[PDB]
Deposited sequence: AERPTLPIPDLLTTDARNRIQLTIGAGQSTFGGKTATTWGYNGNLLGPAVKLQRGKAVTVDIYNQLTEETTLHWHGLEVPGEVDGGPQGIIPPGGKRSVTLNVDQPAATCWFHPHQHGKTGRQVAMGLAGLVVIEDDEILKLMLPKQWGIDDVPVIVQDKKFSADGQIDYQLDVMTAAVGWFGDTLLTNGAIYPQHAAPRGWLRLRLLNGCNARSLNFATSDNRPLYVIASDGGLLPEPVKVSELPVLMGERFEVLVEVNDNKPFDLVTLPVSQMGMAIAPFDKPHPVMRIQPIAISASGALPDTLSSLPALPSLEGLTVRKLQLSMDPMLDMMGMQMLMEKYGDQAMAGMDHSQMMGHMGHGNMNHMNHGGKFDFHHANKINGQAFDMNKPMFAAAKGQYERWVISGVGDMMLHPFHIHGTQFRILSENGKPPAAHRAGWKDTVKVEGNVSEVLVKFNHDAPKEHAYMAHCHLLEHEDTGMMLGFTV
């Protein structure tokens, strides 16, 4: 097996700048070359390291021949540097943004947000990571040797055409059910191995798929200890035997590594339309962990952090976000899926403006509301009316889930989150925006099933 690629961990130069170049190159998948896109390389991107209470400037060079944007998913930053679809970087141009980091330690990520084309640009290869640190987390003595016992694991599917190229299409089927493929990549590699020292291994898991939900576990049933969600540490580790991860979500987990017993991180079949087609009808390897008989120094602390109490609900502004899909797209897309794949597509289970929030397909020129700054709001997001999976993401914040798709959140999902599951039911989150976003650089709130976002299931909002 190839070794797990390790994204470079980037820090500022003396001018306090980090350089990101966006460009096209070549990757190989099963001995077949394919045009891919990457940040500082051919595919995926580096890990940008940030520190709470410090500012950094990122210089972003677009060397593609088409427009793109660079969005810092999970970052509490003003709209002007949020890199939403208004954050255009012209082909051959450069944009610089200053990130004033003011949130706890967490693993966030970054990716394009080009209007109507986010799914294609992610599918072509663009994604990177953000490692935020603070004073608190370093005192815990978690595993912390990047690329050895502290490793990012960005899991993504693709499909390829006969000629080896990435086979991306935004069409009536994928506008309904998402773009998904038959090949699983782990930091861009197919089923790599990672050599890890005896003791605890920390995995920073990212579901970077356009539309596929994942569910991590280990091949020999050793548990995973969840220590962090999208927005940072949980109050204490939560032991799980499986870990569902929606598109765009991150979790950090510790897993034990013992001498002489390799094991695989796997993903288990999920109950989402289209996603259990072989080989995803069975547990599927993500990577092999190869134990090395050197003692690892990291610890699994009994306590990690303090999560604040949930504030009173009475008197808060309620915002209702009703997701919907045009009944015609939904039917025609689901029909195409069933025709292509048959009953297995439900195992366990103009279109360009057909997906909507509050009866409107995304309108860049018109933010749907002004949210308040520095005050908690209760946002109620509903997917009643269809059966698709909508991981709903809100920019500019880390929120608390009050209700996730009609039930209190699981303990490892009860901390800081920037994504909440909406599927045929209703979720409620408690959200606060600490930063401004004017109409020219508004925040987005959208489904992170990218083909839904690109065909309308997004709104802009100001703060």
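Novice: Going by C-alpha coordinates, which parts of the deposited sequence are missing from this model?
Specialist: Gaps in the modelled chain, taken against the deposited sequence, lie at 1-2, 352-374.
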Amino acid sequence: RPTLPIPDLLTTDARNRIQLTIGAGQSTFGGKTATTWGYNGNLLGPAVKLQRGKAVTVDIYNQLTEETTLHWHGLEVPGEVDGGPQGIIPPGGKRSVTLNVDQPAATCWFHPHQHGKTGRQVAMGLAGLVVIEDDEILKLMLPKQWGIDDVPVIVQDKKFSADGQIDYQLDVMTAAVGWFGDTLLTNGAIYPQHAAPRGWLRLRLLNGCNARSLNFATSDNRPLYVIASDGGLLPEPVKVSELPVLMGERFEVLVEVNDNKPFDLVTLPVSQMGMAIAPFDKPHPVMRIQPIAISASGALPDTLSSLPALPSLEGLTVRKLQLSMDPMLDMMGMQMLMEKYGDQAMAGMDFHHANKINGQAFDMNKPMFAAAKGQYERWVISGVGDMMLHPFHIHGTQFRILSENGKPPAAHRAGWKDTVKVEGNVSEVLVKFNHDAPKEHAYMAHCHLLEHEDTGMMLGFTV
From here on, numbers count along this sequence of modelled residues.
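Between two forms, the rigid core is the largest collection of C-alphas that superpose within 1.5 Å.
Novice: Line up the rigid core: which moves more in 7 other deposited structures of this protein, 253-261 or 383-391, by C-alpha RMS?
Specialist: Comparing 383-391 with 253-261, the one that moves more in 7 other deposited structures of this protein is 253-261.
Novice: So if we fit everything on the core, which stretch drifts more in 7 other deposited structures of this protein, 314-322 or 288-296, C-alphas only?
Specialist: Farther from the shown form on average in 7 other deposited structures of this protein: 288-296.
Novice: Between 295-303 and 194-202, which has the larger average Cα B-factor in the PDB entry?
Specialist: Averaged over C-alpha atoms, the B-factors run higher in 295-303.
Novice: Test of understanding: from the entry's C-alpha B-factors, which stretch has the higher mean, 321-329 or 283-291?
Specialist: The entry gives the higher C-alpha B-factor average to 321-329.
Novice: Between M338, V177, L310, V122, which one tops the list for C-alpha B-factor in the PDB entry?
Specialist: Most elevated C-alpha B-factor of the set, per the entry: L310.
Novice: Which is it among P235, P143, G74, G87: the one with the largest CA B-factor in the entry?
Specialist: The listed residue with the largest C-alpha B-factor is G87.
Novice: Taking the chain's C-alpha temperature factors as the reference, tell me which third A14 falls into: lowest, middle or highest.
Specialist: Highest third - that is where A14 ends up once the chain's C-alpha B-factors are sorted.
Novice: Split the chain's modelled residues into thirds by Cα B-factor; is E249 in the lowest, middle or highest one?
Specialist: Lowest third of the chain for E249's C-alpha B-factor.
Novice: Quick check for you: using the entry's CA B-factors within this chain, is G406 in the lowest, middle or highest third?
Specialist: For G406, whose C-alpha B-factor we compare with every modelled residue in the chain, the answer is the highest third.
Novice: Split the chain's modelled residues into thirds by Cα B-factor; is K117 in the lowest, middle or highest one?
Specialist: For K117, the deposited C-alpha B-factor lands in the middle third.
Novice: Which third, lowest, middle or highest, does the CA B-factor of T33 fall in along this chain?
Specialist: Answer is highest: the recorded C-alpha B-factor places it there.
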